[PDB]
């Protein structure tokens, strides 16, 4: 019953997977918009009159 | 805790008021269970205190830092203990660490008992007690750092424990806490440490350098703002 | 083959003056003349120009007059004034290529076989160079069979001698923003380049629309070229490429971080010096 | 300065004289009690 | 036919769509590259093959529309990010 309550696959007898992989995040997409804004802000602060 | 969590520290104070706020927040966390943030805030404070004066303040932060790190399974560096301004003010903690490394409950009890009233006076006793039942943690972190995979029976032999189930459980709880990075696998009966990942290839370096660059530009804007040309005063 | 063609500001301004004078005369939509210059081993050098009376029938693109006798007389007089310059080609101020162009070029081709045509628009609604250069070549097809003469575009730019540079920079006191620093390398590009790319892509899209809607026929060399274009476009989801991009961005960041540290230290030093100077001035004043 | 007179320093009641006062580098490992490394090698050889 | 992203065939698929045994497939692609039909390489270890480009081929009035739609996507992207640059960079470049 307790195994049922939790998210356990309930494999072979006394054999349940916990999915410790955590999906193993490997995908990467090069977030650019943020990087472009960051760089333009460097340039802004660099050239404004302070 | 409620008060601090609700009010906001103004970002323009002295060095000294920042040091005091940081010490109190560090102490309040260490009294609760968030050890790592307490360690971080404390080191920030110690790095923000006046250089020459505040011998008592440095003493306070250093003793609390020692206790918290010990509570974290790391080993604080021996450089400080021989500094003149904190040499004789930490001998209790010197013996304490000598005990925590080569864990000997006999020696831990001897040092706690003898230098007991002093610990209580400092305002830490509770934490050093929290240590006394965590003396194993140092050993398990050492075993992980040293070995990339070890059989559980070997751990039991190395930690002077009872049947290897106790060590099994302690290791599992540890990895749960986050002090160690590994994966247990009993069907062969060995705990396996996780490989080393390449930090540079990720985007961490970009983020860190961006933060630091922002700080530097802000320093410059402030610095050129502070100028006053009063020759027409 | 010409690797490059360099026009001089005087030529551009002279063509603009020509178009203004004729339009003031009116009843025209294009102008035609010559171009004088020399060669520097495949790096042309256009340096001067003069007019040549010309007229055309807008309705039918097979009627036109171009007083070549005027061209020969003016070549005589100019060659009397400056020997080092010989005819190089011909220019016209119509917006875009006309149908007569091959006819005129074959007429012009007598004076200079290696004749390059330079179109100088005088009303730029765009963000880009004001000139386009074209060289007439025979084109043999795999299926298009008959061999005609088509214009092949050749790289062009603007160049000036010290005297012209001085004069132009003097006249350019109507707007001026140098800021050679980051401001220029971010207005002259990034924005400018993106705007130009967008305009070009929009022209390609208009033509594609026209073909698809039947208003035109299909051209196979264009379709093959567009297929190659779409095949060139890189993919940015390859772990190898992401890894390389992050590595290089990181190096660039460490350098900018060092630069900012340097600058902060210098500005702080300046503040300290100003403070010390103020304190000394007060103490001396007190 | 803002001397933290609020916080107290350590009492100088005992203030025992320095035992050795050595200042070379301290280092953590020096506390450990080894067994005369040569002795460990000799015992190894005896046991093989 | 394979979409641009994948475009990574397998020997077995060659052998099944050309009616040739796997052993003799390699010579086919080797020759195809040699003549000038497709550029790429071969992975004998993994029995795969990467085709970086295929000879241009005439397209009917349907694939023309697909190519036009891809161009629309391209133009929209370009304008979006031109706007991002200009707006975020307004103050300096007025």
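We place every Cβ from the backbone using ideal geometry, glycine too, and count neighbours over all the protein chains shown. Numbers and lists here come from the model and the stated rules, or from a named source; no laboratory instrument gave them.
Given the options C:233, C:261, C:238, C:216, name the one that is surrounded by fewer than 16 Cβ atoms within 10 Å (Cβ to Cβ), touching a helix residue (DSSP H, G or I) at 6+ places or on another chain (Cβ under 6 Å) and more than 7 Å from every other protein chain (Cβ to nearest Cβ).
Answer to the selection: C:216.
Looking at the stretch B:213-223, is at least one residue within 30 Å of residue A:27 (Cα to Cα) and surrounded by fewer than 13 Cβ atoms within 10 Å (Cβ to Cβ)?
Taking every residue of the stretch B:213-223 in turn, none turns out to be within 30 Å of residue A:27 (Cα to Cα) and surrounded by fewer than 13 Cβ atoms within 10 Å (Cβ to Cβ).
Given (1) within 12 Å of another protein chain (Cβ to nearest Cβ); (2) under 23 Å from the mean Cα position of the chain (by Cα); (3) in a loop (DSSP other than H, G, I, E, B), where does residue D:8 come up short, assuming only one miss?
(2)
Quick one: in the stretch A:36-50, which of the residues that are over 33 Å from the mean Cα position of the chain (by Cα) and facing chain E (nearest Cβ under 7 Å) is farthest from residue C:249 (Cα to Cα)?
A:48
Could you run through the stretch B:77-106 and say how many residues are at the interface with chain D (Cβ under 10 Å from one of its Cβ atoms), over 21 Å from residue D:15 (Cα atoms) and touching a helix residue (DSSP H, G or I) at 6+ places or on another chain (Cβ under 6 Å)?
Residues flagged as at the interface with chain D (Cβ under 10 Å from one of its Cβ atoms), over 21 Å from residue D:15 (Cα atoms) and touching a helix residue (DSSP H, G or I) at 6+ places or on another chain (Cβ under 6 Å) within the stretch B:77-106 amount to 1.
Mind checking which residues of the stretch B:168-186 are crowded, with 16+ Cβ neighbours inside 10 Å and assigned to a helix (DSSP H, G or I)?
Of everything in the stretch B:168-186, those that are crowded, with 16+ Cβ neighbours inside 10 Å and assigned to a helix (DSSP H, G or I) turn out to be B:168, B:170, B:171, B:174, B:175.
For (1) touching a helix residue (DSSP H, G or I) at 6+ places or on another chain (Cβ under 6 Å); (2) away from chain E (no Cβ under 14 Å); (3) assigned to a helix (DSSP H, G or I); (4) under 27 Å from residue E:79 (Cα atoms), each residue gets a yes or a no:
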position: C:153; (1), (2), (3), (4): no, yes, no, no
position: C:164; (1), (2), (3), (4): yes, yes, yes, no
position: C:174; (1), (2), (3), (4): no, yes, no, no
position: C:182; (1), (2), (3), (4): yes, no, no, yes
position: C:193; (1), (2), (3), (4): no, no, yes, yes
position: C:199; (1), (2), (3), (4): no, no, yes, yes
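Do any helices (runs of 4 or more DSSP H) lying entirely in the stretch B:103-167 carry at least 3 residues that are in contact (Cβ under 8 Å) with a residue 24 or more places away in the chain, and which ones are they?
B:116-122, B:125-132, B:135-146, B:152-158
Mind checking which residues of the stretch B:196-213 are assigned to a loop (DSSP other than H, G, I, E, B) and more than 24 Å from the chain's Cα centre (by Cα)?
Residues satisfying the conditions are B:198, B:200, B:201, B:202, B:203.
Looking at the stretch E:36-74, which of its residues are at the interface with chain C (Cβ under 9 Å from one of its Cβ atoms) and touching a strand residue (DSSP E or B) at 6+ places or on another chain (Cβ under 6 Å)?
The answer is E:52, E:53, E:54.
Which count do you get for residues in the stretch D:25-39 that are facing another protein chain (nearest Cβ under 10 Å) and loosely packed, with under 10 Cβ neighbours inside 10 Å?
Looking only at that region, the number is 5.
Go over the candidates B:231, B:164, B:205 one by one and state the one that is buried (at least 16 other Cβ atoms within 10 Å of the Cβ), over 30 Å from residue C:252 (Cβ atoms) and either touching a helix residue (DSSP H, G or I) at 6+ places or on another chain (Cβ under 8 Å) or not assigned by CATH to the domain that holds residue B:104 (or both).
Being buried (at least 16 other Cβ atoms within 10 Å of the Cβ), over 30 Å from residue C:252 (Cβ atoms) and either touching a helix residue (DSSP H, G or I) at 6+ places or on another chain (Cβ under 8 Å) or not assigned by CATH to the domain that holds residue B:104 (or both) holds for just one of B:231, B:164, B:205, which is B:164.
Do we find a residue being in the same structural domain as residue C:48 (by CATH), surrounded by fewer than 18 Cβ atoms within 10 Å (Cβ to Cβ) and in contact with a helix residue (DSSP H, G or I) (Cβ under 9 Å, 6 or more places away or on another chain) anywhere in the stretch C:75-86?
yes
Could you grab me the full set of residues in the stretch C:112-143 that are touching a residue at least 60 places away in the same chain (Cβ under 8 Å) and either part of a loop (DSSP other than H, G, I, E, B) or not assigned by CATH to the domain that holds residue C:28 (or both)?
C:114, C:122, C:126, C:127, C:128, C:130, C:143, listed by residue number.
On the given criteria, is residue C:198 surrounded by 13 or more Cβ atoms within 10 Å (Cβ to Cβ) and over 35 Å from the mean Cα position of the chain (by Cα)?
No; evaluated as a whole, the condition is false for this residue.
Tally up the residues in the stretch E:1-43 that are more than 19 Å from residue C:224 (Cβ to Cβ) and surrounded by fewer than 10 Cβ atoms within 10 Å (Cβ to Cβ), please.
So the answer is 8.
So is residue B:43 surrounded by fewer than 17 Cβ atoms within 10 Å (Cβ to Cβ) and part of a loop (DSSP other than H, G, I, E, B) or not?
no
Go over the candidates C:138, C:152, C:157, C:106 one by one and state the one that is surrounded by fewer than 19 Cβ atoms within 10 Å (Cβ to Cβ), farther than 22 Å from residue C:13 by Cα and within 21 Å of the chain's Cα centre (by Cα).
After ruling out the rest, the residue left standing is C:152.
Only one of (1) within 21 Å of the chain's Cα centre (by Cα); (2) more than 7 Å from every other protein chain (Cβ to nearest Cβ) is not met by residue E:90, so which one is it?
(1)
Scan (1) out of contact with any helix residue (DSSP H, G or I) (no Cβ under 9 Å at 6 or more places or on another chain); (2) closer than 30 Å to residue C:127 by Cβ; (3) surrounded by 15 or more Cβ atoms within 10 Å (Cβ to Cβ) for the single condition residue C:249 breaks and write down its number.
Status for residue C:249: all satisfied but (1).
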